[PDB]
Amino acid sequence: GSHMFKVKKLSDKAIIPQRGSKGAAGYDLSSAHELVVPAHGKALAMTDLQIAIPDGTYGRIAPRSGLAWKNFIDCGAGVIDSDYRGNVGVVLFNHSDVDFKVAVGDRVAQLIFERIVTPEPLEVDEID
């Protein structure tokens, strides 16, 4: 369906992503797992979700602004293809000298459905 996207929980801990405000760009993504993101290190926060990417778009794992500014947290990777398989994972980057604790249920990113196009590349001799 065009105006809804299906989401299936892979555990009881999974939270259905939802928009924070009427005008929100993204859907909050929460970790389904307790973990720590090491200082100057990286970690995988699995959401325990399968998500069906809308036609004409990819799912972008985008950073929460609070965590970025206060905790020096960022999202690496972040491209969820329309044919991505399985559990959707958030790759967290911590550039601070302080570990970042992640509890089950913590919002760790936001999912944005980026509209894109996918043409077939045409190799040429000259561009004008």
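One-based numbering along the sequence shown.
Stretches 24 to 32 and 94 to 102 differ in mean CA B factor, with 94 to 102 having the higher one. Judged by mean Cα B factor in the deposited record, 38 to 46 ranks above the other of 51 to 59 and 38 to 46. Ranked within its chain, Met4 lands in the lowest third, by CA B factor from the PDB record.
Annotation for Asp81: CA B-factor lies in the middle third of the chain's modelled residues. Residue-level temperature factors show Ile127 in the highest third of its chain, judged at the C-alpha atom.
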